[PDB]
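J.: Following this message is one structure expressed as structure tokens.
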Amino acid sequence: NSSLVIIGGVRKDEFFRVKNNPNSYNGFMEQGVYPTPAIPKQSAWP
Amino acid sequence: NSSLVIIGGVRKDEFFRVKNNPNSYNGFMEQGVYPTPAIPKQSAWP
Amino acid sequence: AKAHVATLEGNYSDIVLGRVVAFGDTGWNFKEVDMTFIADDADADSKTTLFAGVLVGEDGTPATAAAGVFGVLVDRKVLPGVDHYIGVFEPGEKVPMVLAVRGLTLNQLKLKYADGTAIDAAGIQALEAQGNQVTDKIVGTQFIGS
Amino acid sequence: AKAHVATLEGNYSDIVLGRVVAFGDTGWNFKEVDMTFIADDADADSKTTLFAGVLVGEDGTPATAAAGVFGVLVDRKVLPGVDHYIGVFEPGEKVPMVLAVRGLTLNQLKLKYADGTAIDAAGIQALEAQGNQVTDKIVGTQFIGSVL
Amino acid sequence: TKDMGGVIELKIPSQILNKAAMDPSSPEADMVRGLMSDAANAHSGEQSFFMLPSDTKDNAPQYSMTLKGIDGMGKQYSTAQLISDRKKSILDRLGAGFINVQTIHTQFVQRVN
Amino acid sequence: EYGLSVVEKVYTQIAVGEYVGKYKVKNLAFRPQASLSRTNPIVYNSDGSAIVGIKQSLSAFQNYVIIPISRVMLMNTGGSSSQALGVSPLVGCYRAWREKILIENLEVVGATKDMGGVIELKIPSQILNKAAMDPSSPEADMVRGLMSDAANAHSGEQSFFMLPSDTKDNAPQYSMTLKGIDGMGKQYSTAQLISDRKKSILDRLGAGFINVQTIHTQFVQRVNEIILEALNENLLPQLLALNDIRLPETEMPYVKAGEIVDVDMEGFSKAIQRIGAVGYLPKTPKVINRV
Amino acid sequence: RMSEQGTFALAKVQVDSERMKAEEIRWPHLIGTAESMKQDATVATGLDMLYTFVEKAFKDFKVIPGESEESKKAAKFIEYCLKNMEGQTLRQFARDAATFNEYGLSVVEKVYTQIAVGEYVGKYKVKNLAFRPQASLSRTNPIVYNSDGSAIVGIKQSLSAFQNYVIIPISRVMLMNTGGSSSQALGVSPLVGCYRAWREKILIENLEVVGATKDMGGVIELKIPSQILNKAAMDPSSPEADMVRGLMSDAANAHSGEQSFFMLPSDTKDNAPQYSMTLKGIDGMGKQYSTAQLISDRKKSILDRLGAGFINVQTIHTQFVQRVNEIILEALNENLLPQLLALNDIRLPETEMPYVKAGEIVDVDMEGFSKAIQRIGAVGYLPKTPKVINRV
């Protein structure tokens with residue numbers, strides 16, 4: 001009885017683990033009709 | 001039976017404990033599409 | 001059907017919560033020590049066991065009790081995410097390293113001995129003898145909810 | 001008839017003449033411990049005997065010997081002219097107090113033991129070991145003597 | 001300042017709350033201390049969500065999270081127009097009531113001259 | 001800004017030039033209000049009748065005294081002749097500025113904390129508890145997957161949810177709902193609170209027209225006239241006295257400030273014709289040079 | 001009497017003003033905070049429009065001579081010197097000088113050289129009005145004063161600017177500053193004040209992007225009995241596993257088209273059904289703050305300090321440009337011209353000093369001007385001179 005309630009985005013440790021995951025796909029990858037170089041292909045910041 | 005009801009933000013001791021926590025992530029950190037130097041990266045005030 | 005995953009935790013500026021900036025120089029707080037990077041017996045393949053935040057002695061050997069505590073390893077070559085060093089060093093190869101000693105604010109939750117055990121009161125007062133504010137008033141120790 | 005009048009003399013800076021200010025954590029020089037505010041066995045309105053500048057050991061109790069000294073009590077709750085915390089605490093109740101430990105240019109003459117006795121050489125050594133400079137000379141003042 | 005609409009309310013069984021108060025070094029105490037800090041920082045962002053146990057003991061659930069709102073009707077008097085009427089009431093005595101939008105103001109100055 | 005202004009007049013002799021032997025003014029030395037005495041800035045007689053001088057702090061003579069009144073030109077506004085320390089136009093504004101700031105702070109934190117539509121997940125506590133005590137169990141793997149998948153849950157080309165449909169009581173075991181304010185939102189509309197206070201502040205400076213002969217132009221003339229009085233009546237008579245130029249009252253020259261509003265070419269050109277076509281405009285180089 | 005009895009207190013007026021600022025906008029940092037601003041598309045645009053008219057004004061400049069014959073010769077020499085700097089033009093100087101609208105300060109050094117062959121052989125030109133960038137100055141003390149805080153003796157430049165990848169006397173330097181009195185050497189940058197509004201404006205825009213991405217209204221949710229889900233996880237080669245893998249791909253591709261529909265079993269075990277499909281929606285009320293109007297207020301807040309707030313829809317913008325022009329002209333008329341004439345020993349009375357007049361920032365109206373000449377001309381108040389004729 002230690003991890004009943006989980007709130008996301010309120011810890012730096014949890015934020016960067018999801019952000020730096022190479023398999024992660026987030027909202028900033030919406031390529032739309034055809035891919036364009038204006039939209040990132042990786043989750044982690046440069 | 002001493003700590004049933006908790007209200008946040010009504011004590012200076014508790015307000016600064018969360019604010020000065022180096023692991024805290026609050027609403028003023030919304031970096032957006034890519035990070036900018038106009039948005040803080042730490043919760044505590046300078 | 002493996003989905004390859006990589007991960008990291010922590011930064012440099014979460015083990016050192018703050019400094020005292022000596023105007024006269026910038027190297028006042030630190031001391032440079034020389035340690036063995038890759039294990040003494042393991043092949044030139046093993047990521048060494050030098051996670052940032054380990055307590056090391058005066059001669060660089062990793063600490064095991066409160067007696068042999070001198071500083072906190074904060075070298076950039078062992079920070080989380082810095083892992084392009086695998087074959088660059090031969091077994092027994094010995095390299096310089098950076099320790100932070102004086103005028104520093106230290107996170108009590110990150111300090112550990114070489115084995116993995118968390119720092120204790122004896123180690124705290126040992127470090128705090130060097131003028132380090134060892135503090136446990138950290139906000140962020142519970143993730144997301146679950 | 002009597003005219004009930006009072007004076008508000010006193011200051012805080014006299015106990016801490018200077019500080020080393022770290023560009024990072026500005027609280028590097030202080031520590032908080034739970035001292036007893038009201039006397040344990042006294043009445044409910046027995047105001048605290050603690051006064052700013054009293055040496056306090058790491059355990060939180062006011063220092064009585066040079067070996068038991070760890071810092072100086074500089075809490076805002078005890079400073080002169082703002083000591084209105086009369087009867088607000090139960091006898092023997094604990095309360096966190098701010099202690100000044102390292103990086104301070106203290107004033108020797110205002111450091112005293114629990115009973116008010118002045119600090120001695122051993123206390124000076126113990127307090128300076130943390131990195132404190134205990135100055136022995138503040139100018140003082142002469143207000144009006146009709147001569148000087 | 002006091003229009004706390006949409007404030008976050010959390011309901012937790014009192015067994016956990018009471019155990020934490022008497023056992024500071026128990027797993028219940030750690031989770032309670034985590035909630036007191038996590039709930040304060042609960043903003044809206046890229047990773048905001050909530051995860052609660054779904055246990056049920058009676059017609060009401062054990063754990064819940066709702067956003068409060070005024071159960072009825074709000075204020076009615078519209079204090080904004082009260083102030084505007086009183087401001088024009090004050091300036092009219094000085095002949096300078098035209099700022100609320102030969103004249104009255106020019107004729108008023110001639111009296112003093 | 002401070003109700004007050006101090007300028008000291010310093011005179012020097014000419015070495016070589018058109019008026020050799022006479023006295024110029026070297027500098028109208030501005031004394032900043034911040035460098036003045038913080039205790040008594042202005043010193044009076046033994047009675048509160050007149051002013052004998054102005055005091056400057058001794059800390060302004062360092063790098064990192066009483067000046068007689070006859071050497072100083074004093075300007076003040078917002079008060080009568082009996083108020084040496086004039087009333088700064090920011091007095092009055094102050095209470096409104098305090099409120100204006102506080103409201104803006106509430107808007108920023110309020111917009112950040114409006115978690116409407118946030119995702120909430122309910123899972124039986126058997127899975128949550130098993131993961132916490134068995135890090136190497138299948139429950140632990142699925143819990144770790146949820147903590148990362150839920151963070152990345154955006155809207156896109158492949159967004160959906162799939163949950164078990166088991167049921168133990170009147171409530172289901174697994175569920176997913178988007179939260180919303182259960183009631184009514186905020187009512188005070190802090191936007192119009194700020195607008196009222198902004199117009200409250202700018203009105204004291206006559207610059208309230210930006211919220212949309214004038215009030216702003218008339219306000220500037222007040223400041224010009226105060227400066228000219230000090231310049232015409234305190235410096236010029238003294239400057240002529242040093243070079244012993246003593247004239248009657250009607251022969252004293254005076255300084256006239258420039259015009260703050262530009263001349264209208266259309267209006268002025270057709271005004272000259274109407275006067276000129278009748279012959280009421282004298283033929284002098286003064287009129288000619290106006291073009 | 002003839003004796004000063006005070007000091008300007010330059011060294012104190014500064015030291016109060018550095019405390020009363022948020023720490024991200026004190027001298028050694030403001031150089032970085034300026035260039036980390038500008039990349040805002042409302043901040044760049046305000047500065048660009050200001051420089052547009054400053055360059056225009058100092059393009060068609062003119063030198064106005066006096067009445068005597070001596071002044072006319074001096075005016076011609078001044079025009080030659082100002083139009084023949086080796087590698088420099090007044091437009092480049094004007095657009096370098098006007099940088100005090102970003103940093104409160106601007107430093108230009110005057111260098112003189114002798115003429116070898118030309119119309120004025122033997123005289124001294126100005127080689128370059130060398131601009132000293134604010135970024136290359138000393139980060140500790142940029143400006144050095146007397147032993148007291150009374151006056152300025154020079155300006156210090158960092159030693160790191162003499163490398164590839166010292167104190168300059170005040171008499172050689174032309175200082176321009178704005179936003180402060182004569183006692184503030186480091187002038188107040190117009191971006192001071194804007195700063196707090198810029199910090200808010202940015203944060204709100206970030207919330208809008210993440211908010212629009214996370215508004216999963218109408219998302220598809222499927223409920224399946226856990227017997228099928230659990231069997232698939234432990235029996236990869238069972239019929240349950242095949243159907244689960246089909247759902248994970250079919251549901252991702254579920255769009256609206258010519259053949260979109262759903263078919264689910266209708267079994268029931270309790271008050272709730274075994275299989276279901278619903279489209280989610282916000283159970284309550286949405287957001288209230290309308291972040292759109294928050295940003296608009298802050299944008300007008302920023303542009304107003306630069307006089308360019310009219311883009312949100314004689315003027316305010318035209319009057320603002322005149323301020324920058326007059327500051328530059330004071331340095332040019334009163335610091336360079338008297339010294340330039342002194343080197344070539346042209347000593348004239350006060351009334352005979354020529355001066356430089358900047359150009360006009362607003363174009364002349366052909367309709368208005370043509371009919372203005374007639375009205376003056378038809379009466380005879382317009383002199384017959386080549387000056388009037390050349391105006392056409």
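Every chain in the structure tokens takes a letter, A first, then B, and so on in the order presented; its residues are numbered from 1, and the ligands are numbered from 1 following the presented order.
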Write out as a list in words all residues of chain E that backbone DSSP assigns to strand (DSSP E).
T.: residues 8, 9, 10, 11, 49, 50, 51, 52, 53, 64, 65, 66 and 67 of chain E
J.: Which residues are close to residue 46 in chain D, i.e. within 10 Å by only C-alpha atoms, leaving aside same-chain residues fewer than 6 positions away? Reply as a list in words.
T.: residues 37, 38, 39, 40, 86, 87, 89, 90 and 91 of chain D
J.: With the cut-off set at 9 Å and counting only C-alpha atoms, tabulate each residue of chain A with an atom at most that distance from an atom of chain F, showing the nearest atom pair and its distance in Å to one decimal, ordered by chain and increasing number, as JSON lines.
T.:
{"residue": "A:1", "atom": "CA", "partner": "F:129", "partner_atom": "CA", "distance": 5.5}
{"residue": "A:2", "atom": "CA", "partner": "F:132", "partner_atom": "CA", "distance": 6.7}
{"residue": "A:3", "atom": "CA", "partner": "F:128", "partner_atom": "CA", "distance": 6.6}
{"residue": "A:4", "atom": "CA", "partner": "F:128", "partner_atom": "CA", "distance": 6.2}
{"residue": "A:6", "atom": "CA", "partner": "F:147", "partner_atom": "CA", "distance": 8.0}
{"residue": "A:7", "atom": "CA", "partner": "F:147", "partner_atom": "CA", "distance": 8.9}
{"residue": "A:8", "atom": "CA", "partner": "F:151", "partner_atom": "CA", "distance": 6.2}
{"residue": "A:9", "atom": "CA", "partner": "F:151", "partner_atom": "CA", "distance": 7.2}
{"residue": "A:14", "atom": "CA", "partner": "F:148", "partner_atom": "CA", "distance": 8.3}
{"residue": "A:15", "atom": "CA", "partner": "F:151", "partner_atom": "CA", "distance": 8.3}
{"residue": "A:17", "atom": "CA", "partner": "F:148", "partner_atom": "CA", "distance": 8.2}
{"residue": "A:18", "atom": "CA", "partner": "F:148", "partner_atom": "CA", "distance": 5.6}
{"residue": "A:19", "atom": "CA", "partner": "F:152", "partner_atom": "CA", "distance": 8.7}
{"residue": "A:24", "atom": "CA", "partner": "F:152", "partner_atom": "CA", "distance": 7.3}
{"residue": "A:25", "atom": "CA", "partner": "F:152", "partner_atom": "CA", "distance": 6.6}
{"residue": "A:26", "atom": "CA", "partner": "F:152", "partner_atom": "CA", "distance": 5.1}
{"residue": "A:27", "atom": "CA", "partner": "F:154", "partner_atom": "CA", "distance": 5.2}
{"residue": "A:28", "atom": "CA", "partner": "F:154", "partner_atom": "CA", "distance": 8.9}
{"residue": "A:29", "atom": "CA", "partner": "F:156", "partner_atom": "CA", "distance": 8.8}
{"residue": "A:30", "atom": "CA", "partner": "F:156", "partner_atom": "CA", "distance": 6.7}
{"residue": "A:32", "atom": "CA", "partner": "F:157", "partner_atom": "CA", "distance": 8.4}
J.: For the selection you just gave me, I'd like the residues written to a file as a CSV table (one decimal), in the first residue's frame, keeping N, CA, C and O atoms.
T.:
chain,number,residue,atom,x,y,z
A,1,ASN,N,0.8,-1.2,0.0
A,1,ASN,CA,0.0,0.0,0.0
A,1,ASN,C,0.9,1.3,0.0
A,1,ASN,O,0.9,2.0,1.0
A,2,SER,N,1.6,1.5,-1.1
A,2,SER,CA,2.5,2.6,-1.2
A,2,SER,C,2.3,3.4,-2.5
A,2,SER,O,2.7,4.6,-2.5
A,3,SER,N,1.7,2.9,-3.5
A,3,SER,CA,1.6,3.6,-4.8
A,3,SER,C,0.1,3.5,-5.3
A,3,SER,O,-0.1,3.2,-6.5
A,4,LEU,N,-0.8,3.9,-4.4
A,4,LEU,CA,-2.2,3.9,-4.8
A,4,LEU,C,-2.6,5.0,-5.9
A,4,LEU,O,-3.2,4.7,-6.9
A,6,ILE,N,-1.4,7.9,-8.5
A,6,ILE,CA,-0.3,8.3,-9.4
A,6,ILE,C,-0.8,9.5,-10.2
A,6,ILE,O,-1.8,9.5,-10.8
A,7,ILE,N,0.0,10.6,-10.1
A,7,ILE,CA,-0.3,11.8,-10.8
A,7,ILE,C,0.9,12.1,-11.8
A,7,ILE,O,2.1,12.1,-11.3
A,8,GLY,N,0.6,12.3,-13.0
A,8,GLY,CA,1.7,12.4,-14.0
A,8,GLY,C,2.0,13.8,-14.3
A,8,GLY,O,1.2,14.7,-14.3
A,9,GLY,N,3.3,14.1,-14.6
A,9,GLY,CA,3.8,15.4,-15.0
A,9,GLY,C,4.1,16.3,-13.8
A,9,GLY,O,4.3,17.5,-14.0
A,14,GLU,N,10.1,11.5,-13.5
A,14,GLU,CA,9.1,10.8,-14.3
A,14,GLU,C,8.9,11.5,-15.7
A,14,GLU,O,8.6,10.9,-16.7
A,15,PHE,N,9.1,12.9,-15.7
A,15,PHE,CA,8.9,13.6,-16.9
A,15,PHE,C,10.0,13.3,-17.9
A,15,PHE,O,9.7,13.0,-19.1
A,17,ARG,N,12.1,10.6,-18.0
A,17,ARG,CA,12.1,9.2,-18.4
A,17,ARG,C,11.1,9.0,-19.5
A,17,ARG,O,11.5,8.2,-20.5
A,18,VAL,N,9.9,9.5,-19.5
A,18,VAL,CA,9.0,9.4,-20.6
A,18,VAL,C,9.5,10.2,-21.8
A,18,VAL,O,9.4,9.8,-23.0
A,19,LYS,N,10.1,11.4,-21.5
A,19,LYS,CA,10.5,12.3,-22.6
A,19,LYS,C,11.7,11.7,-23.4
A,19,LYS,O,11.7,11.8,-24.6
A,24,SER,N,8.9,6.5,-27.4
A,24,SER,CA,7.7,7.3,-27.1
A,24,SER,C,7.2,8.0,-28.3
A,24,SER,O,8.0,8.5,-29.2
A,25,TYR,N,5.9,8.2,-28.4
A,25,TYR,CA,5.2,8.9,-29.4
A,25,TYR,C,4.3,9.9,-28.8
A,25,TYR,O,3.3,9.4,-28.1
A,26,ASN,N,4.5,11.2,-29.0
A,26,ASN,CA,3.7,12.2,-28.3
A,26,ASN,C,3.0,13.0,-29.3
A,26,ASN,O,3.0,12.7,-30.5
A,27,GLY,N,2.3,14.1,-28.9
A,27,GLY,CA,1.5,14.9,-29.7
A,27,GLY,C,2.2,15.8,-30.7
A,27,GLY,O,1.6,16.2,-31.7
A,28,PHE,N,3.5,16.1,-30.4
A,28,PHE,CA,4.3,16.9,-31.3
A,28,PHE,C,4.8,16.2,-32.5
A,28,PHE,O,5.7,16.7,-33.2
A,29,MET,N,4.3,15.0,-32.9
A,29,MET,CA,4.7,14.2,-34.0
A,29,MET,C,3.7,14.1,-35.1
A,29,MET,O,3.7,13.2,-35.9
A,30,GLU,N,2.6,15.0,-35.1
A,30,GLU,CA,1.5,14.8,-36.0
A,30,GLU,C,1.9,15.2,-37.4
A,30,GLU,O,1.8,16.3,-37.8
A,32,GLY,N,0.5,14.4,-40.3
A,32,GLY,CA,-0.6,14.8,-41.1
A,32,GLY,C,-0.6,14.1,-42.5
A,32,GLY,O,-0.6,12.9,-42.5
J.: Name the residues in contact with residue 30 in chain G at a cut-off of 10 Å, using only C-alpha atoms, excluding same-chain residues fewer than 3 positions from it; report them as a PyMOL selection string.
T.: chain G and resi 23-27+33-36+102-103+135+189+191-192
J.: I'd like the superposed copy of chain A - fitted to chain B by least squares over all paired Cα atoms - as a CSV table (one decimal) with N, CA, C and O atoms, in the first residue's frame.
T.:
chain,number,residue,atom,x,y,z
A,1,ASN,N,-6.5,10.6,15.2
A,1,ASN,CA,-7.5,11.5,14.6
A,1,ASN,C,-7.1,12.9,14.8
A,1,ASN,O,-7.7,13.7,15.5
A,2,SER,N,-6.1,13.3,14.1
A,2,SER,CA,-5.5,14.7,14.1
A,2,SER,C,-5.4,15.4,12.8
A,2,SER,O,-5.3,16.6,12.8
A,3,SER,N,-5.3,14.6,11.7
A,3,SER,CA,-5.1,15.2,10.4
A,3,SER,C,-6.1,14.7,9.3
A,3,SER,O,-5.7,14.3,8.3
A,4,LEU,N,-7.4,14.8,9.7
A,4,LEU,CA,-8.4,14.3,8.8
A,4,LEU,C,-8.5,15.2,7.5
A,4,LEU,O,-8.6,14.8,6.4
A,5,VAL,N,-8.6,16.5,7.8
A,5,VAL,CA,-8.9,17.5,6.7
A,5,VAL,C,-7.6,18.3,6.4
A,5,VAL,O,-7.0,18.9,7.3
A,6,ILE,N,-7.2,18.3,5.2
A,6,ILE,CA,-6.0,19.0,4.7
A,6,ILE,C,-6.4,20.0,3.6
A,6,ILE,O,-7.0,19.6,2.7
A,7,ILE,N,-6.0,21.3,3.9
A,7,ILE,CA,-6.2,22.3,2.9
A,7,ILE,C,-4.8,22.9,2.5
A,7,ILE,O,-4.1,23.3,3.3
A,8,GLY,N,-4.6,22.9,1.2
A,8,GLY,CA,-3.3,23.3,0.7
A,8,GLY,C,-3.2,24.8,0.3
A,8,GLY,O,-4.2,25.4,-0.1
A,9,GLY,N,-2.1,25.4,0.5
A,9,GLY,CA,-1.9,26.8,0.2
A,9,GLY,C,-2.3,27.8,1.2
A,9,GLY,O,-2.4,29.0,0.9
A,10,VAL,N,-2.6,27.3,2.4
A,10,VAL,CA,-3.0,28.2,3.5
A,10,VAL,C,-2.0,28.3,4.6
A,10,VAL,O,-2.3,28.8,5.7
A,11,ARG,N,-0.8,27.8,4.4
A,11,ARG,CA,0.3,27.9,5.4
A,11,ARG,C,1.6,28.2,4.7
A,11,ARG,O,1.9,27.7,3.6
A,12,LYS,N,2.4,29.1,5.3
A,12,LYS,CA,3.7,29.4,4.7
A,12,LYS,C,4.6,28.3,4.8
A,12,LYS,O,5.5,28.1,3.9
A,13,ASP,N,4.5,27.5,5.9
A,13,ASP,CA,5.4,26.3,6.1
A,13,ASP,C,5.2,25.3,5.0
A,13,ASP,O,6.2,24.8,4.4
A,14,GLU,N,3.9,25.0,4.6
A,14,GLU,CA,3.7,24.1,3.6
A,14,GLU,C,3.9,24.6,2.2
A,14,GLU,O,4.2,23.9,1.3
A,15,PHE,N,3.7,25.9,2.0
A,15,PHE,CA,3.9,26.6,0.7
A,15,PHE,C,5.3,26.5,0.3
A,15,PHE,O,5.7,26.2,-0.8
A,16,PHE,N,6.3,26.9,1.2
A,16,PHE,CA,7.7,27.0,0.8
A,16,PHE,C,8.3,25.6,0.7
A,16,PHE,O,9.3,25.4,0.0
A,17,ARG,N,7.8,24.6,1.5
A,17,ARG,CA,8.4,23.3,1.4
A,17,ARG,C,8.1,22.7,0.0
A,17,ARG,O,9.0,22.1,-0.6
A,18,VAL,N,6.9,22.9,-0.5
A,18,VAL,CA,6.6,22.5,-1.9
A,18,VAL,C,7.4,23.4,-2.9
A,18,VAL,O,7.9,22.9,-3.9
A,19,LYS,N,7.4,24.7,-2.6
A,19,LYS,CA,8.0,25.6,-3.6
A,19,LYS,C,9.5,25.4,-3.7
A,19,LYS,O,10.1,25.4,-4.8
A,20,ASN,N,10.2,25.1,-2.6
A,20,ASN,CA,11.7,24.9,-2.6
A,20,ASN,C,12.1,23.5,-2.9
A,20,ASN,O,13.3,23.2,-2.9
A,21,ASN,N,11.2,22.6,-3.2
A,21,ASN,CA,11.6,21.2,-3.5
A,21,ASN,C,12.2,21.2,-4.9
A,21,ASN,O,11.6,21.5,-5.9
A,22,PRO,N,13.5,20.7,-5.0
A,22,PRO,CA,14.1,20.7,-6.3
A,22,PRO,C,13.5,19.8,-7.3
A,22,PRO,O,13.6,20.0,-8.5
A,23,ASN,N,12.7,18.8,-6.9
A,23,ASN,CA,12.1,17.8,-7.8
A,23,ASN,C,10.7,18.3,-8.2
A,23,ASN,O,10.0,17.6,-9.0
A,24,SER,N,10.2,19.4,-7.6
A,24,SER,CA,8.8,19.8,-7.9
A,24,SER,C,8.7,20.3,-9.4
A,24,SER,O,9.6,21.0,-9.9
A,25,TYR,N,7.6,20.1,-10.0
A,25,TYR,CA,7.2,20.6,-11.3
A,25,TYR,C,5.9,21.2,-11.3
A,25,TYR,O,4.9,20.5,-11.0
A,26,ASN,N,5.8,22.5,-11.5
A,26,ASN,CA,4.6,23.3,-11.4
A,26,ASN,C,4.2,23.8,-12.8
A,26,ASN,O,4.7,23.5,-13.8
A,27,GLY,N,3.1,24.6,-12.8
A,27,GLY,CA,2.5,25.1,-14.0
A,27,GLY,C,3.4,26.2,-14.7
A,27,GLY,O,3.2,26.4,-15.9
A,28,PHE,N,4.3,26.8,-14.0
A,28,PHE,CA,5.1,27.8,-14.6
A,28,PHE,C,6.3,27.3,-15.4
A,28,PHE,O,7.2,28.0,-15.8
A,29,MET,N,6.3,26.0,-15.7
A,29,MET,CA,7.4,25.3,-16.5
A,29,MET,C,6.9,24.8,-17.8
A,29,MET,O,7.6,24.0,-18.4
A,30,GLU,N,5.8,25.4,-18.4
A,30,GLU,CA,5.3,24.9,-19.6
A,30,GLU,C,6.1,25.3,-20.8
A,30,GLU,O,5.9,26.3,-21.4
A,31,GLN,N,7.0,24.4,-21.2
A,31,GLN,CA,8.0,24.8,-22.2
A,31,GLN,C,7.4,24.8,-23.6
A,31,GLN,O,7.8,25.6,-24.5
A,32,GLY,N,6.3,24.0,-23.9
A,32,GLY,CA,5.6,24.1,-25.1
A,32,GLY,C,6.3,23.3,-26.2
A,32,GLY,O,6.7,22.1,-26.0
A,33,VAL,N,6.5,24.0,-27.4
A,33,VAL,CA,7.1,23.3,-28.5
A,33,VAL,C,8.6,22.9,-28.3
A,33,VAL,O,8.9,21.8,-28.3
A,34,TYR,N,9.4,24.0,-28.1
A,34,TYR,CA,10.8,23.8,-27.8
A,34,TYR,C,11.2,24.7,-26.6
A,34,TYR,O,10.6,25.8,-26.5
A,35,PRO,N,12.2,24.3,-25.8
A,35,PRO,CA,12.5,25.2,-24.7
A,35,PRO,C,13.0,26.5,-25.0
A,35,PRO,O,13.7,26.7,-26.0
A,36,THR,N,12.6,27.5,-24.2
A,36,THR,CA,13.0,28.9,-24.3
A,36,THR,C,13.5,29.4,-23.0
A,36,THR,O,13.1,29.0,-21.9
A,37,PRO,N,14.4,30.4,-23.0
A,37,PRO,CA,15.0,31.0,-21.8
A,37,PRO,C,14.0,31.9,-21.1
A,37,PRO,O,14.4,32.5,-20.0
A,38,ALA,N,12.8,32.1,-21.6
A,38,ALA,CA,11.8,32.9,-20.9
A,38,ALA,C,11.0,32.2,-19.9
A,38,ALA,O,10.1,32.8,-19.3
A,39,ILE,N,11.2,30.9,-19.7
A,39,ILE,CA,10.4,30.1,-18.7
A,39,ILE,C,11.4,29.4,-17.8
A,39,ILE,O,12.4,28.8,-18.2
A,40,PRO,N,11.1,29.5,-16.5
A,40,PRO,CA,12.1,28.9,-15.5
A,40,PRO,C,12.2,27.4,-15.6
A,40,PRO,O,11.3,26.7,-16.0
A,41,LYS,N,13.4,26.9,-15.2
A,41,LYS,CA,13.6,25.5,-15.1
A,41,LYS,C,13.7,25.0,-13.7
A,41,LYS,O,14.0,23.8,-13.5
A,42,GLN,N,13.5,25.9,-12.7
A,42,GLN,CA,13.6,25.5,-11.3
A,42,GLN,C,12.3,26.1,-10.6
A,42,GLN,O,11.9,27.2,-10.9
A,43,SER,N,11.8,25.4,-9.6
A,43,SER,CA,10.6,25.8,-8.9
A,43,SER,C,10.9,27.0,-8.0
A,43,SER,O,10.1,27.9,-7.9
A,44,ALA,N,12.0,27.0,-7.3
A,44,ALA,CA,12.3,28.0,-6.3
A,44,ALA,C,12.6,29.4,-6.9
A,44,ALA,O,13.2,29.4,-8.0
A,45,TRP,N,12.2,30.4,-6.3
A,45,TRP,CA,12.5,31.8,-6.7
A,45,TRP,C,14.0,32.1,-6.6
A,45,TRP,O,14.6,31.6,-5.6
A,46,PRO,N,14.6,32.9,-7.5
A,46,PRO,CA,16.0,33.2,-7.4
A,46,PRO,C,16.3,34.0,-6.1
A,46,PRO,O,15.5,34.7,-5.5
J.: Enumerate as a list in words all residues of chain B assigned to helix (DSSP H, G or I) by DSSP on the backbone, naming them with the chain letters and numbers the document uses.
T.: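 Helix (DSSP H, G or I) assignments inside chain B correspond to residues 12, 13, 14, 15, 16, 17, 18, 19, 27, 28 and 29 of chain B.
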J.: Any idea which chain G residues end up within 12 Å of chain A if we count only C-alpha atoms, as a list in words please?
T.: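 In the required form, that comes to residues 209, 210, 211, 212, 213, 214, 215 and 216 of chain G.
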J.: What is the distance, in Å and to one decimal place, between CA of residue 23 in chain F and CA of residue 241 in chain F?
T.: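 CA of residue 241 in chain F lies at a distance of 10.2 Å from CA of residue 23 in chain F.
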J.: Could you make a table, as a Markdown table, of the residues of chain E that have an atom within 6 Å of an atom of chain B, each with its nearest atom pair and distance in Å to one decimal, counting only C-alpha atoms, in chain and number order?
T.:
| residue | atom | partner | partner_atom | distance |
| --- | --- | --- | --- | --- |
| E:17 | CA | B:4 | CA | 6.0 |
| E:18 | CA | B:1 | CA | 5.4 |
| E:37 | CA | B:18 | CA | 6.0 |
| E:41 | CA | B:26 | CA | 5.3 |
| E:43 | CA | B:27 | CA | 5.3 |
J.: Per residue of chain D within 7 Å of chain C, what are the shortest atom pair and its distance in Å to one decimal, counting only C-alpha atoms, with rows by chain and residue number, as a tab-separated table?
T.:
residue	atom	partner	partner_atom	distance
D:22	CA	C:20	CA	4.2
D:23	CA	C:20	CA	5.7
D:24	CA	C:18	CA	4.2
D:25	CA	C:18	CA	5.3
D:28	CA	C:133	CA	6.1
J.: Env of residue 2 in chain F: 9 Å cut, atoms = only C-alpha atoms, seq-sep filter 6 positions within chain, self excluded. Answer as a PyMOL selection string.
T.: chain F and resi 33+76+85-90
